[PDB]
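Visitor: Just structure-v9.cif, nothing more (mmCIF, C-alpha atoms and all ligand atoms):
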data_protein
loop_
_atom_site.group_PDB
_atom_site.id
_atom_site.type_symbol
_atom_site.label_atom_id
_atom_site.label_comp_id
_atom_site.auth_asym_id
_atom_site.auth_seq_id
_atom_site.Cartn_x
_atom_site.Cartn_y
_atom_site.Cartn_z
ATOM 1 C CA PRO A 1 -5.269 0.101 -173.964
ATOM 2 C CA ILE A 2 -3.525 -2.858 -172.426
ATOM 3 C CA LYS A 3 -5.167 -6.301 -172.053
ATOM 4 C CA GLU A 4 -3.794 -9.335 -170.224
ATOM 5 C CA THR A 5 -4.846 -12.956 -170.673
ATOM 6 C CA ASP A 6 -3.490 -16.279 -169.423
ATOM 7 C CA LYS A 7 -1.073 -16.581 -172.367
ATOM 8 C CA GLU A 8 -0.333 -13.057 -173.562
ATOM 9 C CA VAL A 9 -0.467 -9.270 -173.265
ATOM 10 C CA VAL A 10 -1.932 -7.104 -176.049
ATOM 11 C CA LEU A 11 -1.290 -3.387 -176.449
ATOM 12 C CA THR A 12 -3.428 -1.153 -178.634
ATOM 13 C CA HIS A 13 -2.545 2.471 -179.330
ATOM 14 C CA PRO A 14 -5.068 4.955 -177.870
ATOM 15 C CA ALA A 15 -4.961 7.224 -180.952
ATOM 16 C CA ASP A 16 -5.556 4.309 -183.340
ATOM 17 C CA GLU A 17 -6.669 0.977 -181.937
ATOM 18 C CA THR A 18 -5.690 -0.790 -185.202
ATOM 19 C CA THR A 19 -2.050 -0.200 -184.181
ATOM 20 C CA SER A 20 -1.184 -3.026 -181.804
ATOM 21 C CA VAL A 21 1.415 -5.444 -180.479
ATOM 22 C CA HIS A 22 0.878 -8.968 -179.115
ATOM 23 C CA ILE A 23 3.407 -10.344 -176.614
ATOM 24 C CA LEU A 24 3.379 -14.020 -175.620
ATOM 25 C CA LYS A 25 4.326 -14.524 -171.951
ATOM 26 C CA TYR A 26 6.313 -17.531 -173.167
ATOM 27 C CA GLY A 27 9.715 -16.063 -174.115
ATOM 28 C CA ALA A 28 8.235 -12.553 -173.698
ATOM 29 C CA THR A 29 7.890 -13.088 -177.451
ATOM 30 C CA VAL A 30 6.401 -10.284 -179.522
ATOM 31 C CA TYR A 31 4.590 -12.224 -182.290
ATOM 32 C CA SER A 32 2.543 -9.519 -184.004
ATOM 33 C CA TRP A 33 3.019 -5.806 -184.472
ATOM 34 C CA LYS A 34 0.321 -4.113 -186.524
ATOM 35 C CA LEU A 35 0.701 -0.562 -187.775
ATOM 36 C CA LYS A 36 -2.713 0.810 -188.710
ATOM 37 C CA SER A 37 -3.907 -2.817 -189.282
ATOM 38 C CA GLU A 38 -0.845 -3.830 -191.346
ATOM 39 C CA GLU A 39 1.332 -6.652 -189.970
ATOM 40 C CA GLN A 40 4.986 -5.652 -189.660
ATOM 41 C CA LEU A 41 6.466 -8.938 -188.435
ATOM 42 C CA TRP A 42 6.653 -12.375 -190.033
ATOM 43 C CA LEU A 43 5.116 -15.310 -188.191
ATOM 44 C CA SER A 44 4.982 -18.900 -189.432
ATOM 45 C CA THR A 45 1.437 -20.204 -189.798
ATOM 46 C CA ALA A 46 2.794 -23.321 -188.027
ATOM 47 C CA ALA A 47 4.591 -21.438 -185.255
ATOM 48 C CA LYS A 48 3.955 -22.881 -181.803
ATOM 49 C CA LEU A 49 2.358 -20.302 -179.475
ATOM 50 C CA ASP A 50 1.614 -22.875 -176.782
ATOM 51 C CA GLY A 51 4.963 -22.835 -174.935
ATOM 52 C CA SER A 52 6.123 -26.219 -176.279
ATOM 53 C CA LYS A 53 9.117 -24.757 -178.133
ATOM 54 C CA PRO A 54 10.394 -21.322 -179.259
ATOM 55 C CA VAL A 55 8.140 -19.251 -181.559
ATOM 56 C CA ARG A 56 9.012 -19.486 -185.291
ATOM 57 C CA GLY A 57 8.655 -15.772 -186.087
ATOM 58 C CA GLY A 58 8.044 -12.410 -184.371
ATOM 59 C CA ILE A 59 10.896 -11.312 -182.066
ATOM 60 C CA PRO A 60 12.389 -14.268 -180.175
ATOM 61 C CA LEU A 61 14.794 -13.183 -177.428
ATOM 62 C CA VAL A 62 18.294 -14.633 -177.432
ATOM 63 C CA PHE A 63 20.133 -14.935 -174.086
ATOM 64 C CA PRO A 64 22.645 -15.874 -172.654
ATOM 65 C CA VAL A 65 24.276 -17.293 -175.787
ATOM 66 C CA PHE A 66 23.822 -16.622 -179.494
ATOM 67 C CA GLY A 67 24.201 -19.749 -181.643
ATOM 68 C CA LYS A 68 25.827 -22.875 -180.209
ATOM 69 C CA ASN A 69 28.837 -22.504 -177.931
ATOM 70 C CA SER A 70 31.629 -25.098 -177.790
ATOM 71 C CA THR A 71 34.278 -23.245 -175.736
ATOM 72 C CA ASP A 72 32.626 -22.567 -172.348
ATOM 73 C CA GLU A 73 31.916 -25.295 -169.788
ATOM 74 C CA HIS A 74 28.378 -24.132 -169.007
ATOM 75 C CA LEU A 75 27.241 -22.120 -172.027
ATOM 76 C CA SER A 76 28.114 -25.093 -174.258
ATOM 77 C CA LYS A 77 25.418 -27.088 -172.425
ATOM 78 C CA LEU A 78 22.560 -24.880 -173.627
ATOM 79 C CA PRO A 79 20.670 -25.371 -176.880
ATOM 80 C CA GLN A 80 21.202 -23.005 -179.781
ATOM 81 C CA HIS A 81 20.277 -19.391 -178.860
ATOM 82 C CA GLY A 82 20.021 -19.936 -175.104
ATOM 83 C CA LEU A 83 17.112 -20.147 -172.641
ATOM 84 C CA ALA A 84 15.199 -16.829 -172.700
ATOM 85 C CA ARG A 85 12.994 -17.853 -175.633
ATOM 86 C CA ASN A 86 12.236 -21.193 -173.883
ATOM 87 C CA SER A 87 11.113 -19.710 -170.543
ATOM 88 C CA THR A 88 7.843 -18.141 -169.443
ATOM 89 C CA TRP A 89 8.451 -14.575 -168.325
ATOM 90 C CA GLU A 90 6.409 -12.788 -165.675
ATOM 91 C CA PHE A 91 4.184 -9.872 -166.685
ATOM 92 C CA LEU A 92 5.351 -7.094 -164.343
ATOM 93 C CA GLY A 93 2.632 -4.626 -165.359
ATOM 94 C CA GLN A 94 1.954 -1.536 -167.385
ATOM 95 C CA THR A 95 4.091 1.565 -166.894
ATOM 96 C CA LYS A 96 2.357 4.047 -169.221
ATOM 97 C CA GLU A 97 -1.001 4.356 -170.993
ATOM 98 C CA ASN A 98 0.198 6.514 -173.863
ATOM 99 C CA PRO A 99 2.338 5.302 -175.485
ATOM 100 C CA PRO A 100 1.249 1.962 -174.015
ATOM 101 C CA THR A 101 4.281 0.508 -172.258
ATOM 102 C CA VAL A 102 4.621 -2.784 -170.353
ATOM 103 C CA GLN A 103 7.349 -4.779 -168.649
ATOM 104 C CA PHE A 104 8.197 -8.501 -168.468
ATOM 105 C CA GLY A 105 10.743 -10.106 -166.111
ATOM 106 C CA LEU A 106 12.870 -13.260 -165.978
ATOM 107 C CA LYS A 107 15.025 -14.748 -163.249
ATOM 108 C CA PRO A 108 16.300 -18.312 -162.679
ATOM 109 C CA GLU A 109 13.526 -19.141 -160.173
ATOM 110 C CA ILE A 110 10.819 -18.851 -162.880
ATOM 111 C CA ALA A 111 12.881 -19.809 -165.975
ATOM 112 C CA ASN A 112 12.927 -23.129 -167.896
ATOM 113 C CA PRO A 113 13.910 -25.624 -165.148
ATOM 114 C CA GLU A 114 15.905 -28.042 -167.316
ATOM 115 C CA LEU A 115 17.918 -25.274 -168.957
ATOM 116 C CA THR A 116 18.441 -23.390 -165.681
ATOM 117 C CA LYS A 117 19.981 -26.546 -164.230
ATOM 118 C CA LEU A 118 22.371 -26.627 -167.218
ATOM 119 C CA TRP A 119 23.351 -22.964 -166.842
ATOM 120 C CA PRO A 120 22.758 -22.142 -163.146
ATOM 121 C CA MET A 121 23.917 -18.502 -163.310
ATOM 122 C CA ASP A 122 22.100 -15.706 -161.527
ATOM 123 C CA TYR A 123 20.532 -12.780 -163.425
ATOM 124 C CA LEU A 124 17.450 -10.571 -163.625
ATOM 125 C CA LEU A 125 16.031 -9.550 -167.035
ATOM 126 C CA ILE A 126 13.486 -6.775 -167.560
ATOM 127 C CA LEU A 127 12.031 -6.318 -171.061
ATOM 128 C CA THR A 128 10.216 -3.037 -171.672
ATOM 129 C CA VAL A 129 7.922 -2.885 -174.706
ATOM 130 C CA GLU A 130 6.612 0.500 -175.863
ATOM 131 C CA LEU A 131 4.064 0.798 -178.672
ATOM 132 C CA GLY A 132 4.259 4.212 -180.345
ATOM 133 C CA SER A 133 1.891 5.538 -183.009
ATOM 134 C CA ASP A 134 4.506 4.678 -185.661
ATOM 135 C CA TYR A 135 7.231 2.650 -183.890
ATOM 136 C CA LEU A 136 7.811 -0.377 -181.660
ATOM 137 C CA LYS A 137 10.590 -0.163 -179.052
ATOM 138 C CA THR A 138 11.778 -3.279 -177.243
ATOM 139 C CA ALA A 139 14.305 -2.475 -174.512
ATOM 140 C CA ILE A 140 16.249 -4.919 -172.305
ATOM 141 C CA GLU A 141 18.041 -4.490 -168.984
ATOM 142 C CA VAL A 142 20.210 -7.272 -167.580
ATOM 143 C CA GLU A 143 21.290 -7.178 -163.904
ATOM 144 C CA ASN A 144 23.917 -9.429 -162.373
ATOM 145 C CA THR A 145 22.133 -10.254 -159.109
ATOM 146 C CA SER A 146 25.050 -12.432 -157.888
ATOM 147 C CA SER A 147 27.078 -11.058 -154.995
ATOM 148 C CA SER A 148 30.203 -12.977 -156.059
ATOM 149 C CA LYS A 149 30.195 -14.250 -159.668
ATOM 150 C CA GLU A 150 30.744 -12.424 -162.967
ATOM 151 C CA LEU A 151 27.880 -12.797 -165.455
ATOM 152 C CA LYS A 152 28.945 -13.605 -169.033
ATOM 153 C CA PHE A 153 26.370 -13.385 -171.841
ATOM 154 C CA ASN A 154 25.224 -12.456 -175.357
ATOM 155 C CA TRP A 155 21.960 -10.644 -176.080
ATOM 156 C CA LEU A 156 20.127 -10.549 -179.423
ATOM 157 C CA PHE A 157 16.673 -9.626 -180.724
ATOM 158 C CA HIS A 158 15.833 -12.194 -183.400
ATOM 159 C CA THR A 159 13.578 -9.875 -185.390
ATOM 160 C CA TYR A 160 11.586 -11.383 -188.297
ATOM 161 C CA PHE A 161 10.545 -8.473 -190.550
ATOM 162 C CA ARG A 162 7.596 -9.094 -192.860
ATOM 163 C CA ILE A 163 8.155 -8.143 -196.483
ATOM 164 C CA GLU A 164 6.241 -8.731 -199.704
ATOM 165 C CA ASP A 165 8.923 -10.471 -201.802
ATOM 166 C CA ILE A 166 12.509 -11.269 -200.825
ATOM 167 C CA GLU A 167 13.870 -11.277 -204.357
ATOM 168 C CA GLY A 168 12.818 -7.621 -204.789
ATOM 169 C CA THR A 169 14.139 -6.566 -201.384
ATOM 170 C CA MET A 170 17.303 -4.688 -200.543
ATOM 171 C CA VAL A 171 18.879 -3.698 -197.252
ATOM 172 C CA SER A 172 20.758 -0.424 -197.078
ATOM 173 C CA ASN A 173 23.411 1.074 -194.782
ATOM 174 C CA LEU A 174 25.589 -1.986 -194.296
ATOM 175 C CA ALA A 175 27.903 -1.290 -197.245
ATOM 176 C CA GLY A 176 31.588 -1.367 -196.276
ATOM 177 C CA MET A 177 31.045 -3.151 -192.950
ATOM 178 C CA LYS A 178 32.905 -6.270 -191.839
ATOM 179 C CA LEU A 179 30.895 -9.466 -191.495
ATOM 180 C CA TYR A 180 31.373 -13.101 -190.570
ATOM 181 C CA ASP A 181 29.627 -15.430 -193.001
ATOM 182 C CA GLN A 182 28.330 -18.440 -191.054
ATOM 183 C CA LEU A 183 27.784 -20.400 -194.279
ATOM 184 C CA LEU A 184 31.182 -19.918 -195.887
ATOM 185 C CA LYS A 185 32.909 -19.861 -192.482
ATOM 186 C CA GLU A 186 34.944 -16.749 -193.368
ATOM 187 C CA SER A 187 35.051 -13.029 -192.587
ATOM 188 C CA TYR A 188 35.036 -10.324 -195.232
ATOM 189 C CA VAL A 189 33.944 -6.750 -195.931
ATOM 190 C CA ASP A 190 30.592 -6.289 -197.640
ATOM 191 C CA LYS A 191 31.617 -4.553 -200.886
ATOM 192 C CA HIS A 192 28.030 -4.427 -202.225
ATOM 193 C CA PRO A 193 26.268 -1.014 -202.041
ATOM 194 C CA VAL A 194 23.118 -2.781 -200.805
ATOM 195 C CA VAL A 195 22.357 -6.302 -199.567
ATOM 196 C CA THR A 196 20.202 -8.438 -201.851
ATOM 197 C CA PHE A 197 18.952 -12.013 -201.514
ATOM 198 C CA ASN A 198 18.981 -14.937 -203.948
ATOM 199 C CA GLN A 199 20.008 -17.823 -201.686
ATOM 200 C CA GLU A 200 20.444 -18.851 -198.052
ATOM 201 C CA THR A 201 22.072 -16.073 -196.087
ATOM 202 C CA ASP A 202 23.489 -16.197 -192.572
ATOM 203 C CA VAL A 203 25.902 -13.371 -191.792
ATOM 204 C CA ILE A 204 26.989 -11.364 -188.721
ATOM 205 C CA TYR A 205 27.855 -7.697 -189.277
ATOM 206 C CA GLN A 206 30.067 -5.930 -186.713
ATOM 207 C CA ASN A 207 30.373 -2.321 -185.416
ATOM 208 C CA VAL A 208 26.904 -0.789 -186.028
ATOM 209 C CA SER A 209 26.293 2.266 -183.782
ATOM 210 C CA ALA A 210 23.175 4.072 -182.534
ATOM 211 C CA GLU A 211 23.775 6.481 -185.450
ATOM 212 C CA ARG A 212 23.389 3.991 -188.296
ATOM 213 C CA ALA A 213 19.779 3.182 -189.239
ATOM 214 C CA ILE A 214 19.328 0.100 -191.383
ATOM 215 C CA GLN A 215 16.614 0.333 -194.024
ATOM 216 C CA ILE A 216 14.668 -2.395 -195.810
ATOM 217 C CA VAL A 217 13.599 -1.266 -199.279
ATOM 218 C CA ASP A 218 11.057 -2.616 -201.772
ATOM 219 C CA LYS A 219 9.943 -0.926 -205.013
ATOM 220 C CA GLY A 220 11.810 2.291 -204.077
ATOM 221 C CA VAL A 221 9.780 2.388 -200.844
ATOM 222 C CA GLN A 222 11.405 2.291 -197.404
ATOM 223 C CA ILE A 223 9.259 -0.384 -195.763
ATOM 224 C CA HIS A 224 11.204 -0.771 -192.481
ATOM 225 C CA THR A 225 13.803 1.151 -190.463
ATOM 226 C CA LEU A 226 15.788 -0.481 -187.672
ATOM 227 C CA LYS A 227 17.537 1.638 -185.025
ATOM 228 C CA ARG A 228 19.290 0.410 -181.905
ATOM 229 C CA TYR A 229 21.200 1.355 -178.794
ATOM 230 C CA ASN A 230 24.125 -0.677 -177.388
ATOM 231 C CA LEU A 231 23.883 -3.607 -179.821
ATOM 232 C CA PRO A 232 26.943 -3.425 -182.086
ATOM 233 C CA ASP A 233 26.213 -6.569 -184.137
ATOM 234 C CA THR A 234 23.576 -7.303 -186.759
ATOM 235 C CA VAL A 235 22.688 -10.782 -187.914
ATOM 236 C CA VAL A 236 21.111 -10.985 -191.360
ATOM 237 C CA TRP A 237 19.409 -14.315 -192.035
ATOM 238 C CA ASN A 238 17.071 -15.952 -194.497
ATOM 239 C CA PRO A 239 16.825 -19.767 -194.531
ATOM 240 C CA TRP A 240 15.864 -19.967 -198.241
ATOM 241 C CA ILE A 241 14.259 -23.098 -199.743
ATOM 242 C CA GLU A 242 15.984 -26.167 -198.289
ATOM 243 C CA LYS A 243 16.245 -25.059 -194.676
ATOM 244 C CA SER A 244 12.655 -23.747 -194.699
ATOM 245 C CA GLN A 245 11.571 -27.156 -195.988
ATOM 246 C CA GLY A 246 13.416 -28.921 -193.129
ATOM 247 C CA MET A 247 11.782 -26.831 -190.341
ATOM 248 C CA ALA A 248 8.508 -28.502 -189.299
ATOM 249 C CA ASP A 249 7.167 -25.333 -187.652
ATOM 250 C CA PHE A 250 7.948 -23.214 -190.732
ATOM 251 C CA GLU A 251 4.880 -22.725 -192.955
ATOM 252 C CA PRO A 252 4.137 -21.944 -195.739
ATOM 253 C CA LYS A 253 7.265 -23.378 -197.343
ATOM 254 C CA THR A 254 7.384 -20.352 -199.707
ATOM 255 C CA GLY A 255 7.302 -18.226 -196.527
ATOM 256 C CA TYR A 256 11.025 -17.413 -196.680
ATOM 257 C CA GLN A 257 9.918 -15.066 -199.485
ATOM 258 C CA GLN A 258 7.975 -12.904 -197.004
ATOM 259 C CA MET A 259 10.596 -12.549 -194.245
ATOM 260 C CA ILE A 260 14.023 -11.176 -193.596
ATOM 261 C CA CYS A 261 15.672 -11.400 -190.180
ATOM 262 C CA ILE A 262 17.768 -8.355 -189.328
ATOM 263 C CA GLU A 263 18.788 -9.020 -185.742
ATOM 264 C CA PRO A 264 20.539 -6.403 -183.594
ATOM 265 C CA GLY A 265 22.640 -7.906 -180.822
ATOM 266 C CA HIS A 266 25.802 -8.169 -178.848
ATOM 267 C CA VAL A 267 27.181 -11.489 -180.101
ATOM 268 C CA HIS A 268 30.746 -10.888 -181.448
ATOM 269 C CA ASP A 269 31.997 -11.330 -177.893
ATOM 270 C CA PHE A 270 30.495 -11.831 -174.441
ATOM 271 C CA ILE A 271 29.450 -9.016 -172.157
ATOM 272 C CA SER A 272 30.896 -9.475 -168.668
ATOM 273 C CA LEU A 273 28.988 -7.917 -165.760
ATOM 274 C CA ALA A 274 30.571 -7.626 -162.330
ATOM 275 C CA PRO A 275 28.383 -8.472 -159.296
ATOM 276 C CA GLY A 276 25.485 -6.006 -158.974
ATOM 277 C CA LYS A 277 26.226 -4.286 -162.304
ATOM 278 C CA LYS A 278 23.638 -3.688 -165.057
ATOM 279 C CA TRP A 279 23.702 -3.495 -168.861
ATOM 280 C CA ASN A 280 20.926 -2.167 -171.111
ATOM 281 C CA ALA A 281 20.080 -1.837 -174.796
ATOM 282 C CA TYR A 282 17.170 -1.545 -177.174
ATOM 283 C CA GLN A 283 15.887 -2.095 -180.669
ATOM 284 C CA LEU A 284 13.593 0.518 -182.219
ATOM 285 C CA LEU A 285 11.517 -0.386 -185.261
ATOM 286 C CA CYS A 286 9.858 2.276 -187.367
ATOM 287 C CA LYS A 287 9.281 3.782 -190.787
ATOM 288 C CA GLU A 288 11.075 6.684 -192.397
HETATM 289 O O1 LIG B 1 16.167 -22.454 -185.709
HETATM 290 P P1 LIG B 1 16.584 -21.496 -184.619
HETATM 291 O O2 LIG B 1 17.310 -22.113 -183.438
HETATM 292 O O3 LIG B 1 15.465 -20.565 -184.238
HETATM 293 O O4 LIG B 1 17.723 -20.552 -185.284
HETATM 294 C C1 LIG B 1 17.494 -19.956 -186.564
HETATM 295 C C2 LIG B 1 18.828 -19.864 -187.286
HETATM 296 O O5 LIG B 1 19.723 -19.189 -186.413
HETATM 297 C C3 LIG B 1 20.985 -18.907 -187.002
HETATM 298 O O6 LIG B 1 21.776 -18.190 -186.055
HETATM 299 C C4 LIG B 1 21.670 -20.212 -187.384
HETATM 300 O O7 LIG B 1 22.907 -19.904 -188.022
HETATM 301 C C5 LIG B 1 20.764 -21.035 -188.302
HETATM 302 O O8 LIG B 1 21.373 -22.300 -188.582
HETATM 303 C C6 LIG B 1 19.417 -21.236 -187.620
HETATM 304 O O9 LIG B 1 18.523 -22.001 -188.434
#
Step by step, read the file and then write its structure as structure tokens.
Ligand SMILES: O=P(O)(O)OC[C@H]1O[C@@H](O)[C@H](O)[C@@H](O)[C@@H]1O

Guide:
Amino acid sequence: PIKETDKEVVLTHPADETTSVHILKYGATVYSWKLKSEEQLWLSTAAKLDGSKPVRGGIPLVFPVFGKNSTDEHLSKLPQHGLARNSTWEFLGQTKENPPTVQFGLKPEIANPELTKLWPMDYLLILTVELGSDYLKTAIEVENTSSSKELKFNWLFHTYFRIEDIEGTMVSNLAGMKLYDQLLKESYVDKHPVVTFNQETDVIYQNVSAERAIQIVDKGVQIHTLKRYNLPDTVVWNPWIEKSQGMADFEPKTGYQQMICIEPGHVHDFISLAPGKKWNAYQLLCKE
């Protein structure tokens, strides 16, 4: 079933109503995904769900710029990670009962007014969210609705996976890939056979295809699998102690121990869309 309220849309799977996903209209932000009652995503207990600022947790949507830009006249005006996660999207309706599937839309006319004035480019976004019995698929389509101007953008899903304990966690299938380390400010190949975590981590992997599933492992158990289409980059991030402490909307302060962000995106360069052209991609979360 699919239920709409003033602030959100909630999907429950017909075969098992304890499998569910909650999507805030603000940012079209998935903030909970339960699989047979078990929460899959990390959400700060102090996250704002009231539209006052981006949600600290779940799956914030990053568009049209990942990070902070300092090279483009207009993109450099936007705050870190763009304006999609700061704007209230329109609920376009349900498209299927089983698996429950819904769509959300964004265009400048309904987006964050302040930020739209800073980056007055035309676009149409449609997010499709499909709740399977054992997966969550979040798909995006971007259309350049301008008749004359090229549309230049990044897209990323800022996925906060819930885990039991970060220091026991490893991430597989990234061995041998090139990354840019945003902390050390250098690029290098990951020569570790798995990724482990004992400090702040903020890295951007390049060249991951639809064929490479990334797995999150704890106690020899594969607790999450991330698949994607058309998102060649993967950001891996954990704020660790100090940064967690400095984020007012991040609670509990030990909460970095129960999350890892593994964020599929197109962020290494900008996508350029000619007038009337479209681009699409998705992230697919599951368990193998
Ligand atoms: O705090 P935000 O804007 O949600 O971004 C989360 C993190 O995003 C990363 O891309 C940045 O490198 C970090 O510095 C930042 O803390």

Visitor: Might you pull out every residue within 12 Å of residue A:278, with all atoms listed in the file counted and same-chain residues fewer than 5 positions away left off, and present them as a PyMOL selection string?

Guide: chain A and resi 123-126+140-146+150-152+271-273

Visitor: For the point (2.0, -24.0, -173.3) in the file's frame, write as an MDAnalysis selection string all residues with an atom no more than 12 Å away, counting only C-alpha atoms.

Guide: chainID A and resid 6:8 24:27 48:55 86:88

Visitor: Keeping only C-alpha atoms, write the selected residues as a PDB file, keeping the file's coordinate frame.

Guide:
ATOM      1  CA  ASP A   6      -3.490 -16.279-169.423  1.00  0.00           C
ATOM      2  CA  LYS A   7      -1.073 -16.581-172.367  1.00  0.00           C
ATOM      3  CA  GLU A   8      -0.333 -13.057-173.562  1.00  0.00           C
ATOM      4  CA  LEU A  24       3.379 -14.020-175.620  1.00  0.00           C
ATOM      5  CA  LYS A  25       4.326 -14.524-171.951  1.00  0.00           C
ATOM      6  CA  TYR A  26       6.313 -17.531-173.167  1.00  0.00           C
ATOM      7  CA  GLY A  27       9.715 -16.063-174.115  1.00  0.00           C
ATOM      8  CA  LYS A  48       3.955 -22.881-181.803  1.00  0.00           C
ATOM      9  CA  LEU A  49       2.358 -20.302-179.475  1.00  0.00           C
ATOM     10  CA  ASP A  50       1.614 -22.875-176.782  1.00  0.00           C
ATOM     11  CA  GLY A  51       4.963 -22.835-174.935  1.00  0.00           C
ATOM     12  CA  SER A  52       6.123 -26.219-176.279  1.00  0.00           C
ATOM     13  CA  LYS A  53       9.117 -24.757-178.133  1.00  0.00           C
ATOM     14  CA  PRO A  54      10.394 -21.322-179.259  1.00  0.00           C
ATOM     15  CA  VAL A  55       8.140 -19.251-181.559  1.00  0.00           C
ATOM     16  CA  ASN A  86      12.236 -21.193-173.883  1.00  0.00           C
ATOM     17  CA  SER A  87      11.113 -19.710-170.543  1.00  0.00           C
ATOM     18  CA  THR A  88       7.843 -18.141-169.443  1.00  0.00           C
TER      19      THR A  88
END

Visitor: Please list as a short mmCIF file (atom, residue, chain, number, x, y, z; two decimals) with C-alpha atoms, in the coordinates of the input every residue within 6 Å of residue A:30, counting all atoms listed in the file and excluding residues in the same chain fewer than 4 positions away.

Guide:
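What ended up in result-v3.cif:
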data_model
loop_
_atom_site.label_atom_id
_atom_site.label_comp_id
_atom_site.auth_asym_id
_atom_site.auth_seq_id
_atom_site.Cartn_x
_atom_site.Cartn_y
_atom_site.Cartn_z
CA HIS A 22 0.88 -8.97 -179.12
CA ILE A 23 3.41 -10.34 -176.61
CA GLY A 58 8.04 -12.41 -184.37
CA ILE A 59 10.90 -11.31 -182.07
#

Visitor: Of the candidates A:80, A:169, A:257, A:225, which shows the shortest atom-to-atom distance to ligand LIG 1 (chain B), using only C-alpha atoms and all ligand atoms?

Guide: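 For ligand LIG 1 (chain B), the nearest of the candidates is A:80.
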
Visitor: Take the PyMOL selection byres (((chain A and resi 94) around 12) and not hetatm), run it mentally on this structure, and tell me the resulting residues as a list in words.

Guide: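 When the PyMOL selection byres (((chain A and resi 94) around 12) and not hetatm) is applied, the selected residues are residues 1, 2, 3, 4, 9, 10, 11, 91, 92, 93, 95, 96, 97, 98, 99, 100, 101, 102, 103, 104, 127, 128, 129, 130 and 131 of chain A.
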
Visitor: How would you write, as a compact mmCIF listing (two decimals) with C-alpha atoms, keeping the file's coordinate frame, the set of residues no farther than 8 Å from ligand LIG 1 (chain B) when counting only C-alpha atoms and all ligand atoms?

Guide:
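Saved to part_3.txt:
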# COMPACT_ATOMS: atom_id res chain seq x y z
CA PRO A 54 10.39 -21.32 -179.26
CA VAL A 55 8.14 -19.25 -181.56
CA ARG A 56 9.01 -19.49 -185.29
CA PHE A 66 23.82 -16.62 -179.49
CA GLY A 67 24.20 -19.75 -181.64
CA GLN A 80 21.20 -23.00 -179.78
CA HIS A 81 20.28 -19.39 -178.86
CA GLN A 182 28.33 -18.44 -191.05
CA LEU A 183 27.78 -20.40 -194.28
CA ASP A 202 23.49 -16.20 -192.57
CA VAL A 235 22.69 -10.78 -187.91
CA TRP A 237 19.41 -14.32 -192.04
CA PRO A 239 16.82 -19.77 -194.53
CA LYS A 243 16.24 -25.06 -194.68
CA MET A 247 11.78 -26.83 -190.34

Visitor: Choose the residue, out of A:288, A:29, A:267, A:234, that has the smallest atom-to-atom separation from residue A:47; count all atoms listed in the file.

Guide: A:29

Visitor: Applying the PyMOL selection byres (((chain A and resi 107) around 8) and not hetatm) to the file I just gave you, which residues come out? Please list them as a PyMOL selection string.

Guide: chain A and resi 105-106+108-111+122-125

Visitor: Could you check the closest approach to residue A:255 for each of A:12, A:222, A:238, A:280 and tell me which residue wins, using only C-alpha atoms?

Guide: A:238

Visitor: Translate the PyMOL selection byres (((chain A and resi 282) around 12) and not hetatm) into a concrete residue list for this structure, as a PyMOL selection string.

Guide: chain A and resi 61+126-130+136-142+155-157+209-210+226-232+263-266+279-281+283-285

Visitor: State, in Å with one decimal place, the distance from atom CA of residue A:62 to atom CA of residue A:177.

Guide: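 Computing the Euclidean distance for atom CA of residue A:62 and atom CA of residue A:177 yields 23.1 Å.
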
Visitor: Quote the spacing between atom CA of residue A:164 and atom CA of residue A:179 in Å to one decimal place.

Guide: 26.0 Å

Visitor: What are the nearest atom pairs, with distances in Å to one decimal, for all residues of stretch 250-279 of chain A that come at most 6 Å from stretch 40-46 of chain A, using all atoms listed in the file, set out by chain and rising residue number as CSV?

Guide:
residue,atom,partner,partner_atom,distance
A:250,CA,A:44,CA,5.4
A:251,CA,A:44,CA,5.2
A:259,CA,A:42,CA,5.8

Visitor: Of the candidates A:117, A:158, A:74, A:13, which shows the shortest atom-to-atom distance to residue A:31, using all atoms listed in the file?

Guide: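 Closest to residue A:31 of all the choices is A:158.
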
Visitor: Work out how far apart atom CA of residue A:189 and atom CA of residue A:163 are and give it in Å to one decimal.

Guide: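 For atom CA of residue A:189 relative to atom CA of residue A:163, the distance reads 25.8 Å.
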
Visitor: For each of A:270, A:33, A:135, A:153, take the minimum atom-to-atom distance to residue A:64, counting all atoms listed in the file, then give the residue where this is smallest.

Guide: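 The closest residue to residue A:64 is A:153.
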
Visitor: Need the neighbours of (-9.1, 4.3, -184.2): which residues are at most 12 Å away, counting all atoms listed in the file, as a PDB file with C-alpha atoms, keeping the file's coordinate frame?

Guide:
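Written out: point.pdb:
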ATOM      1  CA  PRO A   1      -5.269   0.101-173.964  1.00  0.00           C
ATOM      2  CA  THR A  12      -3.428  -1.153-178.634  1.00  0.00           C
ATOM      3  CA  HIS A  13      -2.545   2.471-179.330  1.00  0.00           C
ATOM      4  CA  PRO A  14      -5.068   4.955-177.870  1.00  0.00           C
ATOM      5  CA  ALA A  15      -4.961   7.224-180.952  1.00  0.00           C
ATOM      6  CA  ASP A  16      -5.556   4.309-183.340  1.00  0.00           C
ATOM      7  CA  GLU A  17      -6.669   0.977-181.937  1.00  0.00           C
ATOM      8  CA  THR A  18      -5.690  -0.790-185.202  1.00  0.00           C
ATOM      9  CA  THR A  19      -2.050  -0.200-184.181  1.00  0.00           C
ATOM     10  CA  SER A  20      -1.184  -3.026-181.804  1.00  0.00           C
ATOM     11  CA  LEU A  35       0.701  -0.562-187.775  1.00  0.00           C
ATOM     12  CA  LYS A  36      -2.713   0.810-188.710  1.00  0.00           C
ATOM     13  CA  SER A  37      -3.907  -2.817-189.282  1.00  0.00           C
ATOM     14  CA  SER A 133       1.891   5.538-183.009  1.00  0.00           C
TER      15      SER A 133
END

Visitor: Skip residue A:217 itself and residues of its chain fewer than 6 positions away, then list as a short mmCIF file (atom, residue, chain, number, x, y, z; two decimals) with C-alpha atoms, in the coordinates of the input all residues within 7 Å of it, counting all atoms listed in the file.

Guide:
data_model
loop_
_atom_site.label_atom_id
_atom_site.label_comp_id
_atom_site.auth_asym_id
_atom_site.auth_seq_id
_atom_site.Cartn_x
_atom_site.Cartn_y
_atom_site.Cartn_z
CA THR A 169 14.14 -6.57 -201.38
CA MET A 170 17.30 -4.69 -200.54
CA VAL A 171 18.88 -3.70 -197.25
CA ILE A 223 9.26 -0.38 -195.76
#
